[PDB]
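Here you get one chain, nothing else, as structure tokens; it is the form deposited in one PDB entry.
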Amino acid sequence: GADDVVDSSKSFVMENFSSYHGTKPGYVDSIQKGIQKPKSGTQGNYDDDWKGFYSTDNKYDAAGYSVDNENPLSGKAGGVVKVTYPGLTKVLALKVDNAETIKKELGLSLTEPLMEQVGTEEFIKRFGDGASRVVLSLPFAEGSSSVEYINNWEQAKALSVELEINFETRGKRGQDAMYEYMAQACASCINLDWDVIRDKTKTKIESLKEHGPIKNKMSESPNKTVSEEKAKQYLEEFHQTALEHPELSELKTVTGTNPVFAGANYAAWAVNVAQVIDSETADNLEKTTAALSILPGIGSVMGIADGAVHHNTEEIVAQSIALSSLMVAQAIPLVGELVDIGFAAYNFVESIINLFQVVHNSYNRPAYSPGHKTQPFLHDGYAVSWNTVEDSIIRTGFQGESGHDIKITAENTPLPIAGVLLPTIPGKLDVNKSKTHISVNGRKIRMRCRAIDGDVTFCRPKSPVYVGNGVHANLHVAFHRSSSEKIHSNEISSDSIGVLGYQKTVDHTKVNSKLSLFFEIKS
């Protein structure tokens, strides 16, 4: 019944219960006059059972609901307000978001929209625990630790509303105020001054234009349609010359080694832009942002590769954007259609500043790296992951066994799995070699394991293991503990299980493809 849908351990009564609501440009002031079910719109939900007023415990999450709905990609963001219930409010945490289940389990009317019934006396009598009203709590989203609050429309009229932030009052370009506010969430942390980046970029685009060898490199330009193949060629040379400009120097240093950052990738990027921008698009930021957002390769100009944001100083990001701008201007005539001159310096910049902000925001948010929890590790054609979050945890402090499943497959042709590297601590974490195995399309293959140093055993499949399109494996590791003593950090040298892929005489030193699954020791 009721404990199948309500999680009472995380339900509580609070006095002066507060939360946030993201508000659109046009309502930051009026919503402060009070909360009321609007006359236009879906009123909180497409589904009747879920119609009500929505808030979240996180003001940065509330902020993501503040963008003009007509231009959600590049419009103004309005603000955040904090709404508070006077007195006592019961926050009832639900284990499920299915309204038919909750009405059934909670034994309510199966007919009335659940959210109407939450605002009833009877419902508040039964679940309010003496609070003046009930608000439902659900997890905000996967990968988030916030909660979403679903308020009954009528009970919401009691909310007091105050301004958290009105982003438009900030007076910044684009969605600069919204993103600077969200960057506060992390104080590591990309906290760039976009006003400065915006200003240095302009100065740089201007200066590069005046540059004689640039003004010349441009003179070599076909200045009319040529295949991207020769447009790529003109562009790499152009890039090669612009990057010698004293104002794109630091950028010269930082993009020299990494292949993602190469001149070829800036040219591949510029060619892609010039080819998707027509005059109507070029004329509208929203549509410019809509088109730029679906192209591959933006990481080259962003300085984002391998899990890291390399271009992370206002100076270097401004150089990279200014270099990109100039090169779209060159690409437009050779591979596109429009007023090259215009777009490149204006809506191209406005729009790409916005995509930088979108991507920096994600990297500022807590996330799992490859091979952590259930995030896959993608490498050399293989995809591997802990089947579930508990598999990634090696529990300690007890005598007995555990089992841990790792999914393994590869994208296409049959790639071998040479074996696996596992941590061992005698007594506290032994490998049970009878129970450990690898299953290929259900075929169970036992392993032969051998000691190594670093308290690592190397296990190989008794028979050949290949994975690929249509062939998948489950590596099941069974650990055995003869001691009830807890594993100590000292005792463990590795924080991952290592699956070894195929062998390459990379460096003329035989090396195996390495795929890592990171674990955690607990209890």
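Quick note: we count residues from 1 along the sequence shown, nothing fancier.
Here the subject shifts to the form deposited in another entry, a form of this protein not shown in this document.
The rigid parts compared between the shown form and the other one meet at a hinge, and of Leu285, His245, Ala418, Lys373 the residue found there is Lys373. The pair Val359 and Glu411 approaches in the other form: their C-alpha atoms are at least 3 Å nearer to each other than in the form depicted.
Whereas the displayed form keeps them at a certain spacing, the CA atoms of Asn258 and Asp507 lie at least 3 angstroms farther apart in the other form.
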